[PDB]
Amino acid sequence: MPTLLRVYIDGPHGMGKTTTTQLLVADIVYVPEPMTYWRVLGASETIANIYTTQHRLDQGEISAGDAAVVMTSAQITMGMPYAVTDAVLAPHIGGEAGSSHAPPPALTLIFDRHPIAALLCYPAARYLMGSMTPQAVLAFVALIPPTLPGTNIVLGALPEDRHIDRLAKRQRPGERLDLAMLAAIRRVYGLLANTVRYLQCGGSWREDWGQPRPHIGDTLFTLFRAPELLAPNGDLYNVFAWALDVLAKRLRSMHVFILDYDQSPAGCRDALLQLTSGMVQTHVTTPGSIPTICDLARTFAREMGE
């Protein structure tokens, strides 16, 4: 059975993931950011609506409950392309193919972002701005797809000042340079990194909730000590406790790697290739699995990629 290697380039925006990922491409397909869906197919300038609303909230022109609706709905438009792609690609994914110290894959897929970014990370960041309710965030987490084998997540490490410099240059249409959002999102990713490691080292959130591997205070679980989620006595409602169970299960089998972005696109692209050797690949489930994938990828890039 042929082997596939999927790589999800993910992390906060404005670090040049794209600029480097293209330089890697132009055995390998690259699934681009679904801009056309965000700007036209799914709605109409979602990115702008998102940033405006936060801004209008940031100025008091509208309420935090009103901003919450709009913020939650948009996130539904922002993450769909990732959901369909994962639901359709899941049947073809077999099981771990003795990753590392193995052979070179028949096909490498570089996705631009994983469904958790739109389902977990950004909404988390949006709550942290007072635009999203923690209940709504937990609603998206409950809907997070089971973790297929070989999910390699590449997150980025960039110094603030440098991320503030690149960010400014690469502004999506309708996007405003919200530095707080920049800060909330990098925190979220930092914690996401810590969580997967906390989990992979045997961490039980339920055991530590009363507050080697990271300490729970340094994991996504910290944000769930929100007054809205607890009973009149502080007991986490079970509905939310269970969602957390799901979160914990989804993340621990994820394979995460770090790409130092503080460098030239050549450097970035070079490194990204390096990381590829420690990555987990998988056996396609069938002969026609490979070519079927290629077309999902190409048909995607072609229709949504902007």
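Rigid core: the largest C-alpha set superposing within 1.5 Å between the two forms. The first residue of the shown sequence is 1; numbering continues from there.
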Would you mind working out which of 231-239 and 200-208 sits farther from this form in 8 other deposited structures of this protein by RMS C-alpha distance, with the rigid core as the fit? 231-239
With the rigid core held as the alignment frame, decide whether 212-220 or 152-160 lies farther from the shown form in 8 other deposited structures of this protein, in terms of RMS C-alpha distance. 212-220
Coordinates absent for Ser73 in a third or more of other entries: no
Please establish whether a third or more of the other compared PDB entries omit coordinates for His92. no
Can you count the deposited residues that have no coordinates between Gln211 and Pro212 and report it as none, 1 to 3, 4 to 9, or 10 or more? 10 or more
Higher mean Cα B-factor in the deposited model: 226-234 or 89-97? 89-97
Read off the CA B-factors in the entry, average them over 37-45 and over 58-66, and name the higher stretch. 58-66
Based on the PDB record, which member of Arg197, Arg206, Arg170, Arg176 exhibits the highest Cα temperature factor? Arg170
Looking at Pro145, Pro123, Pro149, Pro105, which has the highest CA B-factor as recorded? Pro105
Can you work out whether the C-alpha temperature factor of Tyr261 puts it in the lowest, middle or highest third of the chain? highest
By the entry's values, the third containing the CA B factor of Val7 is the lowest
B-factor third for the C-alpha atom of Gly156 within its chain: middle
Could you look up the Cα B-factor of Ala26 in the entry and say which third of the chain it sits in: lowest, middle or highest? highest
Determine, from the deposited record, the chain-internal third of the Cα B-factor for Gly217: lowest, middle or highest. middle
